[PDB]
Amino acid sequence: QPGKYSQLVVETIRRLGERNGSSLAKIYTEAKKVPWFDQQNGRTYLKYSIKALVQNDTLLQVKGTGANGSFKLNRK
Amino acid sequence: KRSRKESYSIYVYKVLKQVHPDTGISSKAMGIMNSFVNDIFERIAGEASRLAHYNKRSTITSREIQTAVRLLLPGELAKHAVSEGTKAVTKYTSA
Amino acid sequence: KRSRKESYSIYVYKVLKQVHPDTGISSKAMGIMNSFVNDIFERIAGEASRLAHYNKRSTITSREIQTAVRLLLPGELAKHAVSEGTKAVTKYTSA
Amino acid sequence: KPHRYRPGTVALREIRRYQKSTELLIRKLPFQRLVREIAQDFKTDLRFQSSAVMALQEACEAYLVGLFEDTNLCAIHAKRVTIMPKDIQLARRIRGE
Amino acid sequence: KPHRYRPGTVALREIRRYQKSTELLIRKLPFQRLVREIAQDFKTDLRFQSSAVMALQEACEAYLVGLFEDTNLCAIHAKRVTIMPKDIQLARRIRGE
Amino acid sequence: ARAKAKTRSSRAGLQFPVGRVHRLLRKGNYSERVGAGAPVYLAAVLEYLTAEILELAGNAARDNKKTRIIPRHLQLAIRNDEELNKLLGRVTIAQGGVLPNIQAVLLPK
Amino acid sequence: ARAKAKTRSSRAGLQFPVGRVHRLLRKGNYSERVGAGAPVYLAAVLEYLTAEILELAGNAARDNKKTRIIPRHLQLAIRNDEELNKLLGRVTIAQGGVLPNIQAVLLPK
Amino acid sequence: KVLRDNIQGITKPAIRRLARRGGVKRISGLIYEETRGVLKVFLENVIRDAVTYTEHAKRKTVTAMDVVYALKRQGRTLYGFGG
Amino acid sequence: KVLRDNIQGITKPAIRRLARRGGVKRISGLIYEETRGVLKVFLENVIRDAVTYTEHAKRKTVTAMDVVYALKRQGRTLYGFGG
Amino acid sequence: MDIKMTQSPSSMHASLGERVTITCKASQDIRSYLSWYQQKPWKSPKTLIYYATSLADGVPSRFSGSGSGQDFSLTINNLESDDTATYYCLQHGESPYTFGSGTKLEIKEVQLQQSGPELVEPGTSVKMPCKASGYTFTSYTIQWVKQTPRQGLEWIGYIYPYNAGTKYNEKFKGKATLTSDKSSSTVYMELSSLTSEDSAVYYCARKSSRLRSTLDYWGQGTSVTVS
Amino acid sequence: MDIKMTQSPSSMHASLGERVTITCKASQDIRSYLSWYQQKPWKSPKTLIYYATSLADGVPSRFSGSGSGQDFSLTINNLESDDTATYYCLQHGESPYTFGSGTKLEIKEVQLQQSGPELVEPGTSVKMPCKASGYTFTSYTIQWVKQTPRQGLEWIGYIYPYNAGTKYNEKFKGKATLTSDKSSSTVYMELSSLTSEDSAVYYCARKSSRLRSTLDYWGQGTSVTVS
DNA sequence: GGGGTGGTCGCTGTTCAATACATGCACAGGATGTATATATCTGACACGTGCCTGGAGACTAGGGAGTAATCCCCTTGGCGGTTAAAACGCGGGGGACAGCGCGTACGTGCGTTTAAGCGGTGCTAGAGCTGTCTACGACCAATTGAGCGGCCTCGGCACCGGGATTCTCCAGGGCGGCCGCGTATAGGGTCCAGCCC
DNA sequence: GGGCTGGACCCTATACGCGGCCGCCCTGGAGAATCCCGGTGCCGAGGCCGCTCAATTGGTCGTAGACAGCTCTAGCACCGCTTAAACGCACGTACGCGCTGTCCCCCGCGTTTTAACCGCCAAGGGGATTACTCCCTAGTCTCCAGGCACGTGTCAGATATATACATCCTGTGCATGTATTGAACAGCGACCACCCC
């Protein structure tokens, strides 16, 4: 049962592409227009999602730590 | 028997009684106001002496004191001091 | 017929010829040196006047000018100007 | 293709040029008109000596240069390299102006 | 049971406290000894009026207060809240010392 | 003959001493000669500035619920006004303290 | 009455006009009395300072391979000296320019 | 006849040149207006004292000596113009 | 007789208090020595002039009037002691 | 404790030329800190006298004033056609500034730019701006006054741009608030919870921090109307 | 083209209480910029006379200097046992400063902290510190002087900490490098490519930027030995 | 009475519910700090008293400032070119800044030490003043030569033209590590021949 | 008499190296900038000549200050005691600094426009000087009254205490999000009750 914003970010990375990985800044900007996106803690939920998905190794950090850097999907 | 040491204390005090009849003033504030009056006196007199020297005039007149006032005092304070001095000079001349 | 104006041009030039016989000067640099000489003249003169006033003296002596120099000149400028002046005064007294 | 320099090297070339040269940097006739305009507020139909306008221009240029030096120092303090109105304001306010 | 304020909050109270009061903040007797120690390098066996020591203390504290105001302004310019020796030095350099 | 003497201050309508100001102007090495209206004009200006300081300081002392003007009130009066602070920009008031002022960024959220 | 005369500058061993200096001291409203050694001492100091500035400016002009001292050389001579710059800290020199100085953080590398 | 907008005569490149002589590498575009305002303030302050001296001398022409006295009164002692 | 190391009498609490009256919220630990140095420089510059005035008066006692003259010559006119 | 300022001749008629006198009486001692203002219809007041005796800049010598303490008076010698206007006293010796009831007289460069008319429904809030130009903005306080045909002229409060100091009339505490903008040299006055009573013309007025200075320049007036 | 310093009386012998006179000849006019230095064996040179006539601080009147142009002289009036030392002149009127050959006499608080002796191998580099105290660091140049037991005293160069300006002897460009640290009041001279020729005692010397000011205070000396 | 099928039990796949974890937000209440009102008291200021010197009044001398006239210079205004600079427009890159991680720097509190502050005691150096007298600065008349205005020339340097050297930008090439695709290798499935059940 | 087992041939899952590719680093070359050098010319810097006014000299005189001596004050030195400030230490948290990512806005440069600069010319306003005069300030003597030193009282604010209100901080509980995991529930394999012949 994946989180709504978890699905949001995992599909938004695919939607954006960014062969060198998408950063939290641009994923946040592109997901801000989503209808149910919470204007007050949406970024916070995205940070939870990114850290949890990195813990699940479905996302790959090209560089940085935590929310710093850029992210792209691990291959399957 | 010690000799006198003049100051502006009584004059500052009398102007205080004129502007605020019931308020007092401390010794320290009297010293500070005396120093203020001495400082502004020296400033105006120095600027007037410089004006006289620049204009080759031997005399310090009310015109030089007025120009020194206009130079050293800023903004509306300058024109109010000018008005005060002009009124005093006109009254003194009319005797 | 026309009026005269004094300056320090000739004395600055003679000092220039003494310190650097071949080195010349320009009109604008001579104007700057005139202004510099006048400025320091005024500075030590004013400071000596204030020293005399603070000490209740009618006369400006070489001691007052010396103290004004020690006040206004920083560091070794003070020491060397004091030596220059003391030498000049001793020579003048002996002659 | 047309040759091009990188941004920030012509800046250093100009800095060295003008820190070596001594001529006046502001156009003399525009500065003359500016001084006449500003003086028009204190007395009408004034006249100015050429030497008076020149002395004014020297003093203003020296003031501006001395201010920009402090502005650049503040900009560097902010770990920036661009001078900003907040830098100018801090410099002036610390000077007391 | 022990109790603590958050860091950065007693500082505001202390600032308001001392911006209210007017007394001298430097201990008088050691400032007097410092003045004597400094002066003995200019003349030996000097005497000092109590009023002269007090005047020196007044001027020193006023200078230090204005310097720390400029220092805090520099620190805030650096997008910081901590004053640092580079802030003090920048303030002095702009001031003209 | 000699008759009832009376101050030049009253003749000018001033509280500050025209005669003493004239004596200091003549003894102060400011010029060879000192015209008669100069000490009058100067004493008028001195009185005006002293009154301007003292009225504002008395207002501050009144606001502080204090009857006597103190260096704190003098400092407050001077600093809280732009023109007077400009005139006394280089001046330190003994025991005058400093204006209460905390920068916005230092205040808690 | 006068005769074949001299200068007080020559007696003092100075190039500066000690007589003119004494005249200016007496006509400058600096004091009522002006001692005879005061203009001598002051002219000595004035000559010393002028000599120092001119010698440093001549050295700077020589380093530039110029024969005639110009305001640029005077500016260089004054600014390049700590205590002379301290004395002339408030002073602006026309046509003097500024010392070449670029901050380290502005340079490449 | 009347001079109205001459403050804009202090052009962008002129301010850039002044900054270069000051050692400024990069320049925010708002410095132009900020420096024009600062220059206007300085010129007003100096010219007011110069015109005061000119009025006192009962002269209609502002002299370089008047400018020098104004500057010296304001602490901007200028060498090279008769001071 | 001799005094040697009295600059350390300007304690860190005293510098903190001075900073608080200056409006300083947080204080780097080097400020203590930086401010001690600055204070010593200022005191030297003032006391040198005070002792010069004291020497000129041929007095062996430094007076508050001498200190006031020194400060005024350094552009720090102090009101409240100039009597 | 408010000092009611009592202009005795509430109205008068005069022929051309002849001398005119207007007298006002202070409730308490105001120590000469009184000023006179001439207001032509549908125009902002212009000052005539300050410090109870001093002619304002540009006013012809035909006007004069005198008095001290509590009794003050105005005089107009050579009546001209344009002199038909309302003359108000203004005391500023005590913190609540008070205008006179106004005398209607009939017979046979500093620029303050202020916003135009305002239509506001009750309970709303409004921000009247004040555009100051031609002078050093921080040196002069900006004074706000409310004019109603029923209650006359009322001082609301002032802003000192130098240090953002405030003082308000007790009648306007909370109702009005004042703010400044050094960057644009602009002042704003806020009115909260508009009421039918607030249908009035508001004038911003420049006054230096000098005690003897008066309201020397006036804005064109922002006519606020409450429906 | 270096100004040759020519002390005529290379050695003299004298008893107590009698007079001794030393002379100096220049190759070009130096305009009185000449100083006299007394160096006791294994001690730093102490200055005696500067500007060719002026006694240095703490120097008694027994020492007298004379001359200008190219002929200069030093005189000691009442010799004492302590006077046994070698005396050098020094001209500083031209950019490469030159010391005299040295004159030996036999009779029958500004502090510059300097590093101790350093033993070093050829081809390496060496950095020697001078720690200055007791004076305003930035106002004075620091002068570096090389004393060989064969070529006498030699001037390497100076650094002016106010603007980090430097000047080097043509014999020492590349060999020596000068750097200053304002925060520590310390100046470093670096010697590169050490050679057996470089085995000498180096002295740091304070000298004011005043032209007539001479090298007045001297460090204790740091001996550098190259294998 | 057995063969055989749907019912029902047991094993298991699906996913959902509670479980568990992390921060934003509101609020109650404990804790400390500050604003306010009242009572005590003490020394600092406001006022009175004595007097003495400095400020006012009266009058004189002369010289400094006001005023009228004249010259000429130097400031303002205009005009016409000529570029040099300013304005304008566009591409991009690198600098401003926004965000987050982290660790360590520095604030806050408690217990201990010290040394500042206050008072009292003692002493004498020296600040301040008065009195004497002389040397030294002011003042004057005459003189003369030093210093400034005007004229003139001639060389220092500013400008122009031309190489020579140096610094900057970058495009291409040499060089190295990572990625895409095929291969040698062996694990296991499958086919052929001899043998044991 | 035929399937099991052993050996061998073939299907297939796999670790690893070679070719392709992108980045790092180097360097030569184009070219634009800068410096050295020489030629030319021009205008201002330095020197000379004339003169005029101020600097010098010798002499007189008056008083400012140098010097002696005396007083009395305030600056220093010392000692004791209390207690408040400073110090040393613990501990924690938020701030400064490092790092990365984004984007925009200033820098570089090509092209167009314009107006600064310069040379030339003219008008005339007023700046400066001179001549004259008169009235305004310095100087002197008298004398009296205003301001300063000293004394005294009383009340304003400094101090001590209590109280009432405000802000801070934290502990708790609820409302967002996130992933984790045991079992509730239903589908199918398999044993059994029961129908059909």
# chains A, B, ... in the order shown; residues from 1 in each chain; ligands from 1
$ residues_around --residues "segment 13-17 of chain K" --least-positions-apart "4" --cutoff "9 Å" --atoms "only C-alpha atoms (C1' of nucleotides)" --output "PyMOL selection string"
chain K and resi 77-81+104-108
$ write_last_selection --atoms "N, CA, C and O atoms" --output "JSON list (two decimals), in the first residue's frame"
[["chain", "number", "residue", "atom", "x", "y", "z"],
["K", 77, "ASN", "N", 85.07, 60.10, 21.91],
["K", 77, "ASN", "CA", 85.87, 61.06, 22.66],
["K", 77, "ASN", "C", 86.60, 60.43, 23.84],
["K", 77, "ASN", "O", 87.81, 60.57, 23.97],
["K", 78, "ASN", "N", 85.87, 59.72, 24.70],
["K", 78, "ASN", "CA", 86.44, 59.15, 25.93],
["K", 78, "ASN", "C", 86.27, 57.64, 25.87],
["K", 78, "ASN", "O", 85.28, 57.10, 26.35],
["K", 79, "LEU", "N", 87.25, 56.96, 25.28],
["K", 79, "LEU", "CA", 87.17, 55.52, 25.11],
["K", 79, "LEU", "C", 87.12, 54.80, 26.45],
["K", 79, "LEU", "O", 87.73, 55.22, 27.44],
["K", 80, "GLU", "N", 86.38, 53.69, 26.47],
["K", 80, "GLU", "CA", 86.25, 52.82, 27.63],
["K", 80, "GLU", "C", 86.52, 51.39, 27.19],
["K", 80, "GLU", "O", 86.56, 51.08, 26.00],
["K", 81, "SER", "N", 86.71, 50.51, 28.18],
["K", 81, "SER", "CA", 86.94, 49.10, 27.89],
["K", 81, "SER", "C", 85.80, 48.51, 27.06],
["K", 81, "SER", "O", 86.04, 47.69, 26.16],
["K", 104, "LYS", "N", 87.90, 47.84, 13.27],
["K", 104, "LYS", "CA", 88.08, 47.19, 14.56],
["K", 104, "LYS", "C", 88.77, 48.13, 15.54],
["K", 104, "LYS", "O", 89.78, 48.75, 15.20],
["K", 105, "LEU", "N", 88.23, 48.22, 16.75],
["K", 105, "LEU", "CA", 88.83, 48.99, 17.83],
["K", 105, "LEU", "C", 89.23, 48.07, 18.97],
["K", 105, "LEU", "O", 88.43, 47.23, 19.40],
["K", 106, "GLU", "N", 90.46, 48.21, 19.44],
["K", 106, "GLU", "CA", 90.96, 47.48, 20.60],
["K", 106, "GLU", "C", 91.41, 48.48, 21.64],
["K", 106, "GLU", "O", 92.12, 49.45, 21.32],
["K", 107, "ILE", "N", 91.00, 48.27, 22.89],
["K", 107, "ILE", "CA", 91.41, 49.10, 24.01],
["K", 107, "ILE", "C", 92.33, 48.27, 24.89],
["K", 107, "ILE", "O", 91.91, 47.26, 25.46],
["K", 108, "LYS", "N", 93.58, 48.70, 24.99],
["K", 108, "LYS", "CA", 94.58, 47.96, 25.75],
["K", 108, "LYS", "C", 94.40, 48.17, 27.24],
["K", 108, "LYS", "O", 94.75, 47.30, 28.05]]
$ select_by_dssp --residues "chain H" --states "helix (DSSP H, G or I)" --output "PyMOL selection string"
chain H and resi 6-9+12-21+31-56+64-73
$ write_last_selection --atoms "C-alpha atoms" --output "mmCIF file, in the first residue's frame"
data_model
loop_
_atom_site.group_PDB
_atom_site.id
_atom_site.type_symbol
_atom_site.label_atom_id
_atom_site.label_comp_id
_atom_site.auth_asym_id
_atom_site.auth_seq_id
_atom_site.Cartn_x
_atom_site.Cartn_y
_atom_site.Cartn_z
ATOM 1 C CA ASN H 6 20.460 66.083 -15.644
ATOM 2 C CA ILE H 7 20.912 63.456 -12.904
ATOM 3 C CA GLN H 8 20.516 60.831 -15.635
ATOM 4 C CA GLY H 9 23.589 62.325 -17.327
ATOM 5 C CA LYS H 12 25.667 53.532 -16.713
ATOM 6 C CA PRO H 13 29.147 53.196 -18.299
ATOM 7 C CA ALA H 14 30.415 56.146 -16.249
ATOM 8 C CA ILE H 15 29.237 54.485 -13.045
ATOM 9 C CA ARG H 16 30.819 51.245 -14.263
ATOM 10 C CA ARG H 17 34.136 53.052 -14.791
ATOM 11 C CA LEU H 18 33.962 54.547 -11.306
ATOM 12 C CA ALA H 19 33.308 51.080 -9.888
ATOM 13 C CA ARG H 20 36.229 49.639 -11.864
ATOM 14 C CA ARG H 21 38.574 52.284 -10.468
ATOM 15 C CA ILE H 31 23.752 50.215 -8.371
ATOM 16 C CA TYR H 32 23.161 52.757 -11.133
ATOM 17 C CA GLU H 33 20.136 54.308 -9.423
ATOM 18 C CA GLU H 34 21.589 53.837 -5.936
ATOM 19 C CA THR H 35 24.827 55.617 -6.873
ATOM 20 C CA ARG H 36 22.961 58.366 -8.721
ATOM 21 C CA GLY H 37 21.003 59.013 -5.533
ATOM 22 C CA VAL H 38 24.137 59.000 -3.379
ATOM 23 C CA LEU H 39 25.873 61.394 -5.778
ATOM 24 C CA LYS H 40 22.837 63.686 -5.750
ATOM 25 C CA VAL H 41 22.923 63.763 -1.942
ATOM 26 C CA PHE H 42 26.655 64.528 -1.832
ATOM 27 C CA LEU H 43 26.387 67.245 -4.489
ATOM 28 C CA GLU H 44 23.425 68.876 -2.748
ATOM 29 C CA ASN H 45 25.257 68.900 0.587
ATOM 30 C CA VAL H 46 28.431 70.394 -0.896
ATOM 31 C CA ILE H 47 26.781 72.910 -3.234
ATOM 32 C CA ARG H 48 24.586 74.190 -0.408
ATOM 33 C CA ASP H 49 27.668 75.194 1.591
ATOM 34 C CA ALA H 50 29.388 76.570 -1.515
ATOM 35 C CA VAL H 51 26.385 78.773 -2.303
ATOM 36 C CA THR H 52 26.249 79.830 1.348
ATOM 37 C CA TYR H 53 29.848 81.054 1.103
ATOM 38 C CA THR H 54 29.066 82.742 -2.221
ATOM 39 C CA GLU H 55 26.072 84.526 -0.666
ATOM 40 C CA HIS H 56 28.108 85.623 2.349
ATOM 41 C CA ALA H 64 36.719 77.141 -6.611
ATOM 42 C CA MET H 65 37.861 78.573 -3.290
ATOM 43 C CA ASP H 66 34.241 78.539 -2.110
ATOM 44 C CA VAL H 67 34.011 74.889 -3.158
ATOM 45 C CA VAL H 68 37.244 74.122 -1.303
ATOM 46 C CA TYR H 69 35.953 75.798 1.866
ATOM 47 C CA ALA H 70 32.681 73.864 1.602
ATOM 48 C CA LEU H 71 34.563 70.580 1.252
ATOM 49 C CA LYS H 72 36.915 71.374 4.139
ATOM 50 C CA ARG H 73 33.922 72.230 6.327
#
$ closest_residue --among "F:23, F:68, F:2, F:105" --to "chain B" --atoms "only C-alpha atoms"
F:68
$ closest_atom_pairs --of "chain G" --to "chain C" --cutoff "9 Å" --atoms "only C-alpha atoms" --output "tab-separated table"
residue	atom	partner	partner_atom	distance
G:8	CA	C:92	CA	7.9
G:9	CA	C:92	CA	8.7
G:10	CA	C:92	CA	8.8
G:11	CA	C:92	CA	5.4
G:12	CA	C:92	CA	4.4
G:13	CA	C:88	CA	6.5
G:14	CA	C:88	CA	7.4
G:15	CA	C:11	CA	6.1
G:16	CA	C:11	CA	5.6
G:17	CA	C:11	CA	7.6
G:21	CA	C:41	CA	8.7
G:25	CA	C:45	CA	7.3
G:28	CA	C:45	CA	8.7
G:29	CA	C:49	CA	8.8
G:30	CA	C:49	CA	5.2
G:31	CA	C:58	CA	6.1
G:32	CA	C:58	CA	5.7
G:33	CA	C:59	CA	4.2
G:34	CA	C:60	CA	4.9
G:35	CA	C:61	CA	4.9
G:36	CA	C:61	CA	7.6
G:37	CA	C:62	CA	5.5
G:38	CA	C:62	CA	4.2
G:39	CA	C:62	CA	7.8
G:40	CA	C:89	CA	6.2
G:41	CA	C:85	CA	4.5
G:42	CA	C:65	CA	6.6
G:43	CA	C:85	CA	7.8
G:44	CA	C:85	CA	4.9
G:45	CA	C:81	CA	5.1
G:46	CA	C:37	CA	6.6
G:47	CA	C:15	CA	7.5
G:48	CA	C:81	CA	6.3
G:49	CA	C:81	CA	7.6
G:50	CA	C:12	CA	7.0
G:51	CA	C:15	CA	6.1
G:52	CA	C:19	CA	8.8
G:53	CA	C:33	CA	8.7
G:54	CA	C:16	CA	6.3
G:55	CA	C:19	CA	6.1
G:58	CA	C:23	CA	6.4
G:59	CA	C:20	CA	8.9
G:61	CA	C:23	CA	8.3
G:62	CA	C:23	CA	8.2
G:66	CA	C:23	CA	8.5
G:67	CA	C:23	CA	5.3
G:68	CA	C:24	CA	4.3
G:69	CA	C:25	CA	4.6
G:70	CA	C:29	CA	5.2
G:71	CA	C:29	CA	5.1
G:72	CA	C:29	CA	8.7
G:73	CA	C:29	CA	8.8
G:74	CA	C:29	CA	7.4
G:83	CA	C:74	CA	6.0
G:84	CA	C:74	CA	8.0
G:86	CA	C:74	CA	7.4
G:87	CA	C:73	CA	6.8
G:93	CA	C:32	CA	7.2
G:94	CA	C:32	CA	7.7
G:95	CA	C:28	CA	8.6
$ residues_around --residues "segment 156-159 of chain J" --least-positions-apart "5" --cutoff "8 Å" --atoms "only C-alpha atoms (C1' of nucleotides)" --output "PyMOL selection string"
chain J and resi 141-146+164-169+171-172+176+178-180+187
$ atom_distance --atom1 "atom CA of residue 174 of chain J" --atom2 "atom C1' of residue 164 of chain M"
25.0 Å
$ residues_around --residues "segment 50-55 of chain D" --least-positions-apart "4" --cutoff "7 Å" --atoms "only C-alpha atoms (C1' of nucleotides)" --output "list in words"
residues 32 and 59 of chain D; 62, 63, 64, 67 and 81 of chain H
$ interface_residues --of "chain J" --to "chain B" --cutoff "9 Å" --atoms "only C-alpha atoms" --output "PyMOL selection string"
chain J and resi 31+54+139+208-210+212-213
$ interface_residues --of "chain L" --to "chain E" --cutoff "10 Å" --atoms "only C-alpha atoms (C1' of nucleotides)" --output "MDAnalysis selection string"
chainID L and resid 31:33 106:110 115:117 125:126
$ select_by_dssp --residues "segment 13-201 of chain J" --states "strand (DSSP E or B)" --output "PyMOL selection string"
chain J and resi 13-14+20-26+34-39+46-50+54-55+63-68+71-76+85-91+98-99+103-107+111-114+118-120+126-133+140-148+152-160+165-168+173+176-181+186-191+200-201
$ calpha_fit_rmsd --fixed "chain G" --moving "chain F"
0.6 Å
$ closest_atom_pairs --of "chain I" --to "chain L" --cutoff "10 Å" --atoms "only C-alpha atoms (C1' of nucleotides)" --output "JSON lines"
{"residue": "I:25", "atom": "CA", "partner": "L:107", "partner_atom": "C1'", "distance": 9.9}
{"residue": "I:26", "atom": "CA", "partner": "L:106", "partner_atom": "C1'", "distance": 7.9}
{"residue": "I:27", "atom": "CA", "partner": "L:106", "partner_atom": "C1'", "distance": 7.6}
{"residue": "I:28", "atom": "CA", "partner": "L:106", "partner_atom": "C1'", "distance": 7.4}
{"residue": "I:29", "atom": "CA", "partner": "L:106", "partner_atom": "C1'", "distance": 7.8}
{"residue": "I:59", "atom": "CA", "partner": "L:127", "partner_atom": "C1'", "distance": 8.0}
{"residue": "I:60", "atom": "CA", "partner": "L:126", "partner_atom": "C1'", "distance": 7.6}
{"residue": "I:61", "atom": "CA", "partner": "L:126", "partner_atom": "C1'", "distance": 8.2}
$ residues_around --residues "residue 23 of chain H" --least-positions-apart "2" --cutoff "9 Å" --atoms "only C-alpha atoms (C1' of nucleotides)" --output "PDB file with C-alpha atoms, in the first residue's frame"
ATOM      1  CA  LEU D  12      39.862  42.842 -14.479  1.00  0.00           C
ATOM      2  CA  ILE D  15      39.967  47.524 -13.241  1.00  0.00           C
ATOM      3  CA  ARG D  16      43.712  47.633 -13.876  1.00  0.00           C
ATOM      4  CA  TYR D  18      41.377  52.654 -14.409  1.00  0.00           C
ATOM      5  CA  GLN D  19      43.459  51.975 -11.297  1.00  0.00           C
ATOM      6  CA  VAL D  65      35.516  55.671  -5.704  1.00  0.00           C
ATOM      7  CA  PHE D  68      32.754  51.698  -4.142  1.00  0.00           C
ATOM      8  CA  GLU D  69      35.881  50.373  -2.429  1.00  0.00           C
ATOM      9  CA  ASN D  72      33.216  45.870  -2.782  1.00  0.00           C
TER      10      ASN D  72
ATOM     11  CA  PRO G 100      46.397  49.693  -7.900  1.00  0.00           C
ATOM     12  CA  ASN G 101      44.649  47.154  -5.690  1.00  0.00           C
ATOM     13  CA  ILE G 102      42.554  44.116  -6.628  1.00  0.00           C
ATOM     14  CA  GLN G 103      41.130  41.852  -3.940  1.00  0.00           C
TER      15      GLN G 103
ATOM     16  CA  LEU H  18      33.962  54.547 -11.306  1.00  0.00           C
ATOM     17  CA  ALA H  19      33.308  51.080  -9.888  1.00  0.00           C
ATOM     18  CA  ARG H  20      36.229  49.639 -11.864  1.00  0.00           C
ATOM     19  CA  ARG H  21      38.574  52.284 -10.468  1.00  0.00           C
ATOM     20  CA  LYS H  25      34.393  43.150 -10.467  1.00  0.00           C
TER      21      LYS H  25
END
